[PDB]
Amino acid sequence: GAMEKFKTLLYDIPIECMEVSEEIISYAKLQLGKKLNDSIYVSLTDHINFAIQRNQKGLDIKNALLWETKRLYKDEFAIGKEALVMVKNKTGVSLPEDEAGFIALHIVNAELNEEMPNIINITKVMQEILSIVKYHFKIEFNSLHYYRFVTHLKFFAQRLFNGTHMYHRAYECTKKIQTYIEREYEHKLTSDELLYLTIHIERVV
């Protein structure tokens, strides 16, 4: 019964959506080699259809985390950009760069086995940390250890939202971050979390 009800929902998903989405997924896997949760298939397919339809209604698609996405998930954004090319050639529809950002986040989601809400929080925490650091040491980030630093932040933030666990100038920076995260997300960094941050901030700078 259950199974049949759901079977019928697939009748509301255009085949071309399934097709272009597979092409994207397939491509993403080659470029990243990273394992993507299979949830990406129905997630992305539902998203593209929605995006295409929304665009066909003359509605705008605004991604409030576009900038962050471009700089924190370089590889994935590159794929998202390509995905819009793939979507243009298969459908003829021109989606905004904002969509490249949304597709990129769907991939990141599948990479971390997360849901959009959490990926958004994870991304904002990463960005806030980068900003606190740059503004604290008055430094300009450019990419070598940047990726390494970012990558560490990504998993640091993920552990922060799921409960997993594991020099003054750098530590004082870390303490500002603690205040930010406690106030915005109601979590207070533990000793190990502070240790982790300090070590890596110190290191990245």
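Note that residue numbering begins at 1 and tracks the sequence as displayed.
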Open item on the list: Checking chain continuity here. Are there deposited residues lacking coordinates between residue 166 and residue 167, and if so is it 1 to 3, 4 to 9, or 10 or more (or none)?
Closed with: 10 or more
TODO: Indicate whether the chain is continuous between residue 142 and residue 143 or, if not, how many deposited residues are absent from the coordinates: none, 1 to 3, 4 to 9, or 10 or more.
DONE: 1 to 3
Open item on the list: Tell me which stretch, 42 to 50 or 167 to 175, has the higher mean Cα B-factor listed in the entry.
Closed with: 167 to 175
TODO: Give the stretch, out of 5 to 13 and 184 to 192, with the larger mean C-alpha temperature factor in the deposited entry.
DONE: 5 to 13
Task: Selection by C-alpha B-factor (highest) of 63, 37, 158, 69 - done: 37
TODO: Place residue 154 in the lowest, middle or highest third of its chain's C-alpha B-factors, as listed in the PDB entry.
DONE: lowest
Task: Chain-relative CA temperature factor third for residue 81 - done: middle
